[PDB]
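*Asks:* What follows is query31.txt, made up of compact mmCIF, C-alpha atoms and all ligand atoms:
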# COMPACT_ATOMS: atom_id res chain seq x y z
CA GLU A 62 56.93 38.12 64.93
CA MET A 63 53.18 38.03 65.55
CA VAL A 64 53.50 37.63 69.32
CA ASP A 65 52.17 40.54 71.39
CA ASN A 66 50.44 42.11 68.38
CA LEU A 67 47.24 42.72 70.36
CA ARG A 68 46.50 45.57 72.76
CA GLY A 69 43.42 46.77 74.57
CA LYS A 70 41.80 48.23 77.65
CA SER A 71 40.02 45.98 80.14
CA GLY A 72 36.36 45.54 79.28
CA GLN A 73 36.77 47.23 75.91
CA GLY A 74 38.10 44.51 73.63
CA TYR A 75 41.43 43.55 72.07
CA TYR A 76 42.65 45.13 68.85
CA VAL A 77 45.28 44.52 66.18
CA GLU A 78 46.88 47.08 63.89
CA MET A 79 45.74 46.96 60.27
CA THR A 80 46.03 49.10 57.16
CA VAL A 81 43.33 49.77 54.60
CA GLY A 82 43.60 51.36 51.18
CA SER A 83 46.37 52.62 48.93
CA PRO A 84 48.36 54.40 50.21
CA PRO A 85 47.95 52.44 53.49
CA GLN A 86 45.82 54.02 56.22
CA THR A 87 46.61 52.65 59.67
CA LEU A 88 43.72 51.76 61.98
CA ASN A 89 43.34 49.77 65.20
CA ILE A 90 40.78 47.02 64.70
CA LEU A 91 38.97 45.06 67.39
CA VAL A 92 39.29 41.29 66.94
CA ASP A 93 35.83 39.72 67.12
CA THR A 94 35.21 35.97 66.76
CA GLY A 95 31.56 36.71 67.48
CA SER A 96 30.69 38.35 64.15
CA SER A 97 31.63 38.27 60.48
CA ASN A 98 31.79 41.81 59.10
CA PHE A 99 34.95 43.84 58.69
CA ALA A 100 33.92 47.44 59.34
CA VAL A 101 35.81 50.65 60.07
CA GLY A 102 34.89 54.15 61.15
CA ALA A 103 34.72 56.18 57.94
CA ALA A 104 33.34 59.49 59.18
CA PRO A 105 34.13 61.77 62.14
CA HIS A 106 32.93 60.63 65.56
CA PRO A 107 33.58 62.09 69.03
CA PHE A 108 35.26 58.86 70.15
CA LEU A 109 37.32 58.29 66.99
CA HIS A 110 40.93 59.50 66.89
CA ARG A 111 41.06 58.68 63.19
CA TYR A 112 38.96 57.12 60.45
CA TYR A 113 39.03 55.52 56.99
CA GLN A 114 39.06 58.14 54.22
CA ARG A 115 37.87 56.42 51.06
CA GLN A 116 38.58 59.44 48.86
CA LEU A 117 42.30 59.06 49.55
CA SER A 118 42.41 55.42 48.44
CA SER A 119 42.87 54.72 44.71
CA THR A 120 42.13 51.04 45.28
CA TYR A 121 38.76 51.60 46.94
CA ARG A 122 35.75 50.23 45.09
CA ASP A 123 32.19 51.14 46.07
CA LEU A 124 29.78 48.19 46.02
CA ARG A 125 26.87 50.65 46.01
CA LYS A 126 25.01 48.93 48.84
CA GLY A 127 24.31 49.93 52.43
CA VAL A 128 24.49 47.67 55.46
CA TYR A 129 23.21 47.76 59.05
CA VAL A 130 24.66 45.67 61.87
CA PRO A 131 23.20 45.48 65.41
CA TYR A 132 25.25 43.72 68.09
CA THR A 133 24.30 42.81 71.65
CA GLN A 134 25.95 46.10 72.55
CA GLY A 135 25.97 48.86 69.96
CA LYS A 136 25.04 49.12 66.30
CA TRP A 137 26.32 50.80 63.16
CA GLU A 138 25.36 51.47 59.57
CA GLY A 139 27.63 51.96 56.62
CA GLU A 140 28.40 51.63 52.94
CA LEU A 141 29.84 48.43 51.49
CA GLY A 142 32.97 48.48 49.37
CA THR A 143 36.25 46.66 48.86
CA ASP A 144 39.86 47.74 49.27
CA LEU A 145 43.35 46.42 49.95
CA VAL A 146 44.10 45.40 53.53
CA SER A 147 47.24 44.36 55.40
CA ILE A 148 48.26 43.37 58.91
CA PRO A 149 51.68 44.90 59.73
CA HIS A 150 52.37 42.55 62.64
CA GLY A 151 50.54 39.58 61.18
CA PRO A 152 51.13 37.61 57.96
CA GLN A 153 53.07 39.72 55.46
CA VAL A 154 50.42 39.71 52.75
CA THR A 155 47.99 42.14 51.16
CA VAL A 156 44.48 41.04 50.26
CA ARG A 157 41.46 42.73 48.73
CA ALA A 158 38.58 42.44 51.17
CA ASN A 159 35.03 43.60 51.76
CA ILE A 160 34.91 46.62 54.06
CA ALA A 161 31.91 48.35 55.61
CA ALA A 162 32.55 52.08 55.88
CA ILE A 163 30.73 53.11 59.06
CA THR A 164 29.02 56.47 58.54
CA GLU A 165 26.67 56.39 61.52
CA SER A 166 26.66 54.48 64.80
CA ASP A 167 25.00 54.19 68.21
CA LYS A 168 26.76 53.07 71.39
CA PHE A 169 29.31 51.16 69.30
CA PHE A 170 32.54 53.14 69.55
CA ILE A 171 33.87 53.45 73.09
CA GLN A 172 35.38 56.63 74.53
CA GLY A 173 39.14 56.13 74.82
CA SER A 174 39.21 52.54 73.56
CA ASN A 175 41.91 53.19 70.93
CA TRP A 176 40.21 51.14 68.22
CA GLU A 177 38.40 52.46 65.15
CA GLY A 178 36.89 49.36 63.60
CA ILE A 179 36.03 45.70 64.03
CA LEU A 180 37.22 42.50 62.37
CA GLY A 181 34.56 39.79 62.32
CA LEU A 182 36.40 36.48 62.26
CA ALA A 183 33.40 34.13 62.14
CA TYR A 184 31.69 32.55 59.12
CA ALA A 185 29.76 34.02 56.18
CA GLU A 186 26.47 32.58 57.41
CA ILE A 187 26.12 35.45 59.92
CA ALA A 188 27.57 38.22 57.75
CA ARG A 189 25.29 41.16 56.92
CA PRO A 190 23.48 41.81 54.64
CA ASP A 191 23.80 38.11 53.81
CA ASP A 192 26.18 35.20 53.35
CA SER A 193 27.36 36.38 49.94
CA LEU A 194 29.47 39.04 51.66
CA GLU A 195 32.70 37.10 52.01
CA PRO A 196 34.32 37.61 55.45
CA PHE A 197 37.91 38.82 55.78
CA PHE A 198 39.53 35.58 56.90
CA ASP A 199 37.91 33.71 54.03
CA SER A 200 39.35 36.27 51.61
CA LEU A 201 42.71 35.97 53.34
CA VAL A 202 42.80 32.19 52.93
CA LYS A 203 41.61 32.26 49.32
CA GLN A 204 44.08 34.91 48.17
CA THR A 205 47.18 33.77 50.05
CA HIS A 206 48.74 30.46 51.08
CA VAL A 207 47.85 31.07 54.74
CA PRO A 208 46.58 27.93 56.52
CA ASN A 209 42.89 28.01 57.45
CA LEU A 210 43.40 28.55 61.19
CA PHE A 211 44.12 31.30 63.69
CA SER A 212 44.74 31.35 67.43
CA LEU A 213 44.14 33.93 70.13
CA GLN A 214 46.02 34.45 73.36
CA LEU A 215 44.19 37.16 75.27
CA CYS A 216 45.95 38.35 78.40
CA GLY A 217 44.34 40.14 81.34
CA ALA A 229 43.97 49.01 82.55
CA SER A 230 46.13 48.29 79.49
CA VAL A 231 46.01 44.68 78.31
CA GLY A 232 47.73 42.75 75.54
CA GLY A 233 47.82 39.48 73.67
CA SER A 234 48.65 37.65 70.48
CA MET A 235 46.69 36.77 67.38
CA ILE A 236 48.57 34.13 65.42
CA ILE A 237 47.31 33.65 61.88
CA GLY A 238 48.01 30.46 59.97
CA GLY A 239 49.29 28.30 62.78
CA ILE A 240 49.92 27.50 66.42
CA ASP A 241 52.67 29.09 68.52
CA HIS A 242 53.75 26.55 71.14
CA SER A 243 55.54 29.27 73.12
CA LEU A 244 52.10 30.65 73.97
CA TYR A 245 50.80 27.69 75.97
CA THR A 246 51.76 24.86 78.29
CA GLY A 247 50.37 21.36 78.65
CA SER A 248 47.96 19.77 76.18
CA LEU A 249 45.59 21.30 73.63
CA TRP A 250 42.06 19.92 74.01
CA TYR A 251 39.61 20.21 71.12
CA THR A 252 35.86 20.68 71.01
CA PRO A 253 33.96 20.36 67.71
CA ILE A 254 32.53 23.39 65.95
CA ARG A 255 28.91 22.24 65.83
CA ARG A 256 27.82 24.56 63.04
CA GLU A 257 29.85 27.03 60.99
CA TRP A 258 28.17 30.35 61.59
CA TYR A 259 29.28 31.64 64.95
CA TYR A 260 32.03 29.55 66.46
CA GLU A 261 29.34 27.38 68.05
CA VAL A 262 30.36 24.81 70.64
CA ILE A 263 28.60 22.51 73.11
CA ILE A 264 28.79 22.74 76.91
CA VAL A 265 27.94 19.38 78.50
CA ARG A 266 28.33 20.17 82.22
CA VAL A 267 28.83 23.16 84.54
CA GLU A 268 30.20 23.01 88.09
CA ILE A 269 30.64 25.72 90.72
CA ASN A 270 33.37 24.76 93.19
CA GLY A 271 33.15 21.14 92.11
CA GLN A 272 29.37 21.06 92.48
CA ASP A 273 27.32 20.12 89.42
CA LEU A 274 24.52 22.56 88.60
CA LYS A 275 22.52 19.45 87.69
CA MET A 276 20.56 20.73 84.70
CA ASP A 277 19.65 18.90 81.53
CA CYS A 278 22.72 19.77 79.49
CA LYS A 279 20.64 21.23 76.65
CA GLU A 280 19.90 24.14 79.00
CA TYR A 281 23.55 25.18 78.87
CA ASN A 282 23.26 25.59 75.11
CA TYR A 283 19.87 27.27 74.80
CA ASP A 284 19.73 28.30 72.13
CA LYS A 285 23.41 28.14 71.18
CA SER A 286 26.81 28.47 72.85
CA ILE A 287 29.59 30.46 71.19
CA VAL A 288 33.21 31.52 71.65
CA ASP A 289 33.25 35.30 71.28
CA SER A 290 36.32 37.52 71.71
CA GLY A 291 34.25 40.62 71.01
CA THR A 292 32.07 40.15 74.10
CA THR A 293 33.54 40.86 77.54
CA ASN A 294 31.45 38.70 79.86
CA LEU A 295 30.53 35.09 80.31
CA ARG A 296 26.89 35.38 79.28
CA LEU A 297 24.49 32.62 80.36
CA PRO A 298 20.88 31.64 79.58
CA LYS A 299 18.54 32.94 82.29
CA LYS A 300 17.97 29.55 83.93
CA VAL A 301 21.70 28.81 84.06
CA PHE A 302 22.57 32.35 85.13
CA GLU A 303 20.24 32.21 88.13
CA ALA A 304 21.58 28.82 89.19
CA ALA A 305 25.18 29.99 88.83
CA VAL A 306 24.62 33.15 90.88
CA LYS A 307 22.80 31.23 93.61
CA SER A 308 25.79 28.89 93.82
CA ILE A 309 28.44 31.62 93.77
CA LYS A 310 26.52 33.53 96.45
CA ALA A 311 26.43 30.40 98.60
CA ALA A 312 30.17 29.80 98.19
CA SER A 313 30.96 33.42 99.07
CA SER A 314 28.30 33.78 101.77
CA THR A 315 30.83 34.89 104.40
CA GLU A 316 30.34 38.30 102.81
CA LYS A 317 27.05 39.79 101.60
CA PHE A 318 27.03 41.96 98.48
CA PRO A 319 24.27 44.21 97.11
CA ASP A 320 21.91 42.65 94.57
CA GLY A 321 23.16 45.31 92.18
CA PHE A 322 26.61 43.73 92.14
CA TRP A 323 25.28 40.39 90.92
CA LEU A 324 23.34 42.23 88.21
CA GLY A 325 26.53 43.94 87.06
CA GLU A 326 25.05 47.33 87.95
CA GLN A 327 27.43 48.04 90.83
CA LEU A 328 31.09 47.64 91.78
CA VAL A 329 32.45 45.76 94.77
CA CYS A 330 35.58 47.28 96.29
CA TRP A 331 38.16 46.21 98.85
CA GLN A 332 41.11 48.05 100.37
CA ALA A 333 43.96 47.85 97.85
CA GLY A 334 45.58 44.44 97.94
CA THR A 335 43.02 42.73 100.17
CA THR A 336 40.60 41.17 97.67
CA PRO A 337 39.29 37.93 99.29
CA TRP A 338 39.82 35.73 96.23
CA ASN A 339 39.54 32.58 98.32
CA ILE A 340 35.86 33.08 99.16
CA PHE A 341 34.90 32.98 95.49
CA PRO A 342 34.53 29.57 93.78
CA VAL A 343 36.13 28.17 90.65
CA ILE A 344 33.76 27.65 87.72
CA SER A 345 34.29 24.61 85.51
CA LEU A 346 32.83 24.49 82.02
CA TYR A 347 32.90 21.04 80.44
CA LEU A 348 33.07 21.14 76.65
CA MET A 349 32.08 18.34 74.28
CA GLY A 350 35.09 16.30 73.19
CA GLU A 351 35.91 14.85 69.78
CA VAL A 352 34.94 11.35 70.95
CA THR A 353 31.42 10.19 71.85
CA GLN A 354 30.41 11.04 75.44
CA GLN A 355 33.87 12.37 76.26
CA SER A 356 34.56 15.90 77.41
CA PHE A 357 37.22 18.13 78.92
CA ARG A 358 36.88 21.06 81.30
CA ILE A 359 38.25 24.56 81.46
CA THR A 360 38.34 26.07 84.93
CA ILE A 361 37.68 29.75 85.54
CA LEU A 362 39.06 31.54 88.62
CA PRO A 363 37.45 34.60 90.23
CA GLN A 364 40.41 36.62 88.98
CA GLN A 365 38.77 36.11 85.58
CA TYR A 366 35.07 36.61 86.29
CA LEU A 367 35.61 39.49 88.69
CA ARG A 368 36.80 42.13 86.22
CA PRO A 369 38.98 44.96 87.58
CA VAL A 370 37.62 48.45 86.95
CA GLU A 371 40.48 50.94 86.78
CA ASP A 372 39.58 54.35 88.14
CA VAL A 373 42.06 56.70 89.78
CA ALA A 374 39.26 58.17 91.92
CA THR A 375 38.67 54.81 93.61
CA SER A 376 42.30 53.74 93.67
CA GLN A 377 42.71 53.51 97.43
CA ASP A 378 40.67 50.36 96.75
CA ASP A 379 40.61 47.56 94.22
CA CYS A 380 37.14 47.51 92.64
CA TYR A 381 35.53 44.90 90.42
CA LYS A 382 32.49 44.27 88.26
CA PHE A 383 30.80 40.86 88.15
CA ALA A 384 31.58 39.73 84.59
CA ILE A 385 28.95 37.01 84.34
CA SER A 386 25.61 38.18 82.98
CA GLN A 387 22.23 37.04 81.72
CA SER A 388 21.56 36.28 78.06
CA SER A 389 18.42 35.64 76.03
CA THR A 390 20.46 34.55 73.01
CA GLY A 391 22.42 31.62 74.40
CA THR A 392 25.74 31.18 76.15
CA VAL A 393 28.60 33.46 75.21
CA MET A 394 32.12 32.52 76.28
CA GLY A 395 33.52 36.03 76.10
CA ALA A 396 36.90 37.60 76.71
CA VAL A 397 37.03 36.96 80.46
CA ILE A 398 36.65 33.25 79.74
CA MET A 399 39.23 33.26 76.93
CA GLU A 400 41.77 35.21 78.98
CA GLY A 401 44.55 33.00 80.31
CA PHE A 402 43.84 30.33 77.72
CA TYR A 403 45.38 29.83 74.31
CA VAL A 404 42.41 29.33 71.99
CA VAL A 405 42.93 27.76 68.57
CA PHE A 406 40.26 28.38 65.94
CA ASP A 407 41.06 25.40 63.74
CA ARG A 408 38.66 26.15 60.89
CA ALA A 409 40.30 23.58 58.62
CA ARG A 410 39.30 20.76 60.98
CA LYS A 411 36.11 22.35 62.32
CA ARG A 412 37.30 22.40 65.92
CA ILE A 413 38.32 24.80 68.69
CA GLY A 414 41.36 24.03 70.84
CA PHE A 415 41.97 25.15 74.42
CA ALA A 416 45.21 25.10 76.38
CA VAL A 417 46.59 26.87 79.43
CA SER A 418 48.16 30.15 78.30
CA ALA A 419 51.64 31.42 79.11
CA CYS A 420 49.82 34.40 80.63
CA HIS A 421 47.55 32.08 82.63
CA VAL A 422 45.61 33.15 85.73
CA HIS A 423 46.69 31.81 89.13
CA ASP A 424 47.50 32.70 92.71
CA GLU A 425 49.37 30.61 95.26
CA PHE A 426 46.41 28.27 95.88
CA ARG A 427 44.57 27.74 92.59
CA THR A 428 45.37 27.72 88.87
CA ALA A 429 43.23 27.95 85.74
CA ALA A 430 43.28 24.62 83.94
CA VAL A 431 42.27 22.70 80.82
CA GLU A 432 41.96 19.02 81.63
CA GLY A 433 40.43 15.69 80.73
CA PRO A 434 39.22 13.30 79.62
CA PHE A 435 35.87 13.01 81.38
CA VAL A 436 33.19 10.42 80.61
CA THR A 437 29.42 10.65 80.87
CA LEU A 438 27.00 7.72 80.92
CA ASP A 439 24.05 9.85 79.80
CA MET A 440 23.80 9.46 76.02
CA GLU A 441 21.81 12.68 75.56
CA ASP A 442 22.76 15.14 72.82
CA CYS A 443 23.47 18.44 74.56
CA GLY A 444 22.90 20.52 71.46
CA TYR A 445 19.68 22.48 71.74
CA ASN A 446 18.63 22.03 68.11
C1 LIG B 501 34.02 44.93 74.48
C2 LIG B 501 32.87 45.93 74.68
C3 LIG B 501 31.72 45.28 75.43
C4 LIG B 501 31.46 45.39 76.80
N1 LIG B 501 30.35 44.69 77.14
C5 LIG B 501 29.82 44.08 75.99
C6 LIG B 501 28.70 43.25 75.77
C7 LIG B 501 28.41 42.79 74.43
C8 LIG B 501 29.26 43.17 73.33
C9 LIG B 501 29.01 42.78 71.92
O1 LIG B 501 27.88 42.73 71.45
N2 LIG B 501 30.11 42.56 71.14
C10 LIG B 501 30.00 42.26 69.70
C11 LIG B 501 31.09 43.14 69.01
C12 LIG B 501 31.34 44.49 69.66
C13 LIG B 501 32.63 44.84 70.15
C14 LIG B 501 32.86 46.10 70.76
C15 LIG B 501 31.80 47.02 70.89
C16 LIG B 501 30.51 46.70 70.41
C17 LIG B 501 30.28 45.44 69.80
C18 LIG B 501 30.09 40.74 69.40
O2 LIG B 501 30.15 40.58 68.00
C19 LIG B 501 28.92 39.90 69.92
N3 LIG B 501 28.84 38.62 69.20
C20 LIG B 501 27.52 37.96 69.24
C21 LIG B 501 26.49 38.68 68.39
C22 LIG B 501 25.24 39.06 68.94
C23 LIG B 501 24.29 39.73 68.14
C24 LIG B 501 24.58 40.02 66.79
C25 LIG B 501 25.82 39.65 66.21
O3 LIG B 501 25.99 40.00 64.86
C26 LIG B 501 26.88 39.24 64.07
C27 LIG B 501 26.78 38.97 67.03
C28 LIG B 501 30.39 44.00 73.60
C29 LIG B 501 30.67 44.44 74.89
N4 LIG B 501 27.87 42.90 76.84
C30 LIG B 501 26.54 42.35 76.45
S1 LIG B 501 28.63 42.04 78.05
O4 LIG B 501 27.61 41.32 78.77
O5 LIG B 501 29.69 41.27 77.47
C31 LIG B 501 29.38 43.22 79.14
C32 LIG B 501 29.74 44.58 78.51
Output the file's structure in the form of structure tokens.
Ligand SMILES: CCc1cn2c3c(cc(C(=O)N[C@@H](Cc4ccccc4)[C@H](O)CNCc4cccc(OC)c4)cc13)N(C)S(=O)(=O)CC2

*Replies:*
Amino acid sequence: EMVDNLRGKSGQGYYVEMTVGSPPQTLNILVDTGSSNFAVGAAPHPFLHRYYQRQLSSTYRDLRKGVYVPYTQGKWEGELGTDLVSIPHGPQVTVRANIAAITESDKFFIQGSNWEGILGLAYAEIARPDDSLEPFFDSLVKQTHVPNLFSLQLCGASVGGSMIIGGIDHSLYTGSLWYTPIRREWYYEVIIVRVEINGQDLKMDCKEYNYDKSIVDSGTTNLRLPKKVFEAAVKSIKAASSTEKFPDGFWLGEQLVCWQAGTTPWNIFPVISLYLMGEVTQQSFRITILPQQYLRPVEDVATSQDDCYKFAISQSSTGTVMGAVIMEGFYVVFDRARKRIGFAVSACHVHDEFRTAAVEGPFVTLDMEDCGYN
């Protein structure tokens, strides 16, 4: 019943339908494992088709406290309160939850995105103003009998997917689920132990891959990498694809690359393998990323004699972010109850006739180094 309950536009997030207040007000809400505040547009905005009207909800309670939340992209400010919330195509329950009513924002809402708010699915430790503001999923678990776990199947301009709350839907993946430990419960922080481009190790001290943290983040589009790792990755992808020369602006994500419709040279771009820490000492597994994932299609009727793409790997000063283009084609299980993240090949997996995205292991390392940065 919960399958295919996500929609979205490429590069603009995935959202689920929710209702807030009594009587229920329907809003589309972006699913974000990279933050912990539930917030909704609550005042008119040029890019909002609708917004939360507190005056029409008898169950709304003002907490008489303001809140400000800056993301990597965009920021908003709002007023804290609580109200009743439901998920029409999720669990059939109603819970009272904290809600930030967004009254002002900057570069947060996206023109034509079809969502009006954001659902932060991470832990209280990174909630604003502080960790006493209980996140939605915590409220959901406390107030209902829903198991402490959710899974995301994000599929690759209209896109779709499934958010399954309370369990795992085996129809959504094939093969085995591999688990990596959640290192610390704030973001969904994980540990990358090795990175290869077309089978070739980048050969860095593995702490570099996790400077200063690595997270799984559905609310971020790109694979974001620490500067040192980003430069190494680009050098290696350039080398692999050297049969064609692209403008420096493409690698900086400032420019599109286009080919005649249907002629994208996928084969000249390498597969990227990210090895994640396993649940056993010095063991790991890898997820493999095809160019069909990290070259993101940019839909534009004006350019449609061609297929055009943006490079969806970018530089970070705040650690590695495994964003939506990494999650796409995998079934990702956020197993909060057992403090682990599971990965499996998704039913909507990425592949052509030569290569397939994969989740595989086990791999062993002799080096006994802890790859966590802290
Ligand atoms: C999906 C819209 C989007 C596009 N892009 C990006 C983007 C970042 C974020 C981003 O910051 N997303 C946060 C949520 C969000 C979703 C839609 C629109 C605006 C923001 C996400 O929560 C980031 N999670 C890490 C983080 C960083 C800083 C403060 C936080 O506070 C708790 C959380 C969103 C987009 N870039 C930096 S990027 O390199 O992935 C490429 C462009």

*Asks:* At a cut-off of 9 Å and counting all atoms listed in the file, what residues surround ligand LIG 501 (chain B)? Please answer as a VMD selection string.

*Replies:* chain A and resid 71 to 75 91 to 98 130 to 136 168 to 171 178 to 179 181 183 187 to 189 259 287 to 296 325 384 to 388 390 393 395 to 396

*Asks:* Out of A:342, A:152, A:102, A:369, which residue has the shortest atom-to-atom distance to residue 140 of chain A when counting all atoms listed in the file?

*Replies:*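 Of all the options, A:102 lies closest to residue 140 of chain A.
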
*Asks:* Find, counting all atoms listed in the file, the residue in A:138, A:351, A:441, A:65 that gets nearest to residue 251 of chain A.

*Replies:*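 Ranking A:138, A:351, A:441, A:65 by distance to residue 251 of chain A, first place goes to A:351.
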
*Asks:* Return the single residue from A:436, A:370, A:262, A:328 that is closest to residue 394 of chain A, with distances computed using all atoms listed in the file.

*Replies:* A:262

*Asks:* Please list as a list in words every residue within 7 Å of segment 232-238 of chain A, counting only C-alpha atoms and excluding residues in the same chain fewer than 4 positions away.

*Replies:*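 That gives residues 63, 64, 65, 66, 67, 68, 69, 151, 152, 207, 208, 209, 210, 211, 212, 213, 214, 215 and 216 of chain A.
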
*Asks:* Go ahead and compute the interatomic distance for atom CA of residue 341 of chain A and atom CA of residue 389 of chain A, in Å to one decimal.

*Replies:*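 Taking atom CA of residue 341 of chain A and atom CA of residue 389 of chain A, their separation equals 25.6 Å.
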